[PDB]
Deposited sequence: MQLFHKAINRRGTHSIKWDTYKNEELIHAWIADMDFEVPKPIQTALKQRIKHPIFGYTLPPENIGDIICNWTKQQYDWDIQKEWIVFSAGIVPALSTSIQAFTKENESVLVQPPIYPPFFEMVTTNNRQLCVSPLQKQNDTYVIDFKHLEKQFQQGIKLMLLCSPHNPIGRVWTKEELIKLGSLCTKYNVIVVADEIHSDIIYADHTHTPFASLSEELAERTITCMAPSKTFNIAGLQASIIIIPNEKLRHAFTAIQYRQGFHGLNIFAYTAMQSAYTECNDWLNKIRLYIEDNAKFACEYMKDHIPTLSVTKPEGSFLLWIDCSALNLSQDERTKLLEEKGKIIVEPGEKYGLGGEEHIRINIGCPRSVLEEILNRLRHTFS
């Protein structure tokens, strides 16, 4: 309980959240790393350094079962060791997938509002970017399956599924994924399942890995998972990509190979060793801190900033806030946020359709700091 009350000085660690701006007054609620690493990981790093050579390394011989135990323990999902491919980050895994399974000018589908690199790795690779925006319903979000099918029909070859979905916190139901999977089989669509928030699911929700539902879906899906957001080690660049389809996996690794890829750095393996073995109770406690943090913020906004709409999150530590009642431009919202509130939130307009007049804030903070964020929002717009 007394582990996560920790306000931590992250100024002067060259961290992208706190060291880009140097007005000391600012609070940065926009980037997606936590204000929290479990002790067994930092202990693991000190141990590895005790051997003073840092040359080329293979993945540790025990990493494959560690990973196969991790998926089965956490999602009741059984994987084969030979399905596992390493990636020094998930965004390169998307770009690799775009290159591996689509040709130039072919259609890549995404579901906005969505983490912008979904947009960027498509267009910067000359693939045609297609969208099927999500629909705001029941004060949360749903998939417009009719619109989605219409898009699949125009020749979509590849879809990027974000699950849990950044920035809206949707944790997809088993049934939603089965309706979607049925559409990918119908139109033979390969799915990249960005499931990097796989492990921060709130109490009343269950992460269902898309590939886990059926052998059909498994043979058409590239699953991207990682302890980076989960354990706050994003700067170490450790991701796990799971491709049961051997033929898809080979074409995936051939893209990596021609890009000079030779596996993760030494500390990415070490960290991921400890992350998936020696940190279970830290993760159980960190889930309840954030979920309880979420409920605090939504209660705060009803009592204190009633001008503001909030998507009820179901996983990860991001909070999606609709500001449309303020009837404010992005420019006049952002500038007011920095000048009057002394805070940098995440602007929603860069997330595509349905991001406009929204902001996002990071609730991966000690509660105290969340108090400070909520108070400033309140002061900002009223």
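Gaps in the coordinates relative to the deposited sequence reduce to one, at 37.
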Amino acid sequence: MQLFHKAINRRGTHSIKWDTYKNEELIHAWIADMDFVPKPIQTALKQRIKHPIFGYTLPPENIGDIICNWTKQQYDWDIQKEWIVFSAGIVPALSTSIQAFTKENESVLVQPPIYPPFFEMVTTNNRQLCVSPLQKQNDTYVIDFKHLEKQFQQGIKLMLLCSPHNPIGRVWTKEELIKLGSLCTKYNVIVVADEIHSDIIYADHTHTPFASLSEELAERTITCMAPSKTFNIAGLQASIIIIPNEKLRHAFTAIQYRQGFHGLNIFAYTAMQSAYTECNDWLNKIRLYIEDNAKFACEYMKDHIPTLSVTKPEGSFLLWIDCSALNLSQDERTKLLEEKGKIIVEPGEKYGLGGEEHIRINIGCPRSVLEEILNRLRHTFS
From here on, numbers count along this sequence of modelled residues.
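Comparing 143 to 151 with 166 to 174, the higher mean C-alpha B-factor in the PDB entry belongs to 143 to 151.
In this entry, the higher average B-factor at the C-alpha atoms falls on 301 to 309, of the pair 235 to 243 and 301 to 309. Out of 348, 315, 40, 64, the entry records its largest CA B-factor for 315. Of the candidates 187, 282, 269, 257, it is 282 whose Cα B-factor is highest according to the PDB record.
In the deposited entry, the Cα temperature factor of residue 69 sits in the middle third of values across the chain's modelled residues. Looking at the C-alpha B-factors along this chain, the one for residue 30 belongs to the middle third.
When all modelled residues of the chain are sorted by CA temperature factor, residue 327 is found within the highest third. Compared with the other modelled residues of the chain, the Cα B-factor recorded for residue 287 ranks in the middle third. Annotation for residue 157: CA B-factor lies in the highest third of the chain's modelled residues.
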